[PDB]
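If you read the sequence shown in the authors' numbering, its first letter stands for residue 1, the second for the next number, and so on. All C-beta atoms in this analysis are idealised placements derived from N, C-alpha and C, irrespective of residue type, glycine included. The structure appears right after this line, and notes come after that.
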Amino acid sequence: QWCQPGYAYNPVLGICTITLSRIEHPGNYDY
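Listed below in structure tokens is the structure:
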């Protein structure tokens, strides 16, 4: 299941969903 940036495959829903990292995680995507 290919997922787009800021999203992550969701084997519980059937598609990709926004990851919590997108919310507030400067360290995750500090760049």
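{"query": "C-alpha gap between residue 19 and residue 7, whole angstroms", "result": "5 angstroms"}
{"query": "Length of the line joining the Cα atoms of residue 26 and residue 5", "result": "15 angstroms"}
{"query": "Length of the line joining the Cα atoms of residue 22 and residue 13", "result": "19 angstroms"}
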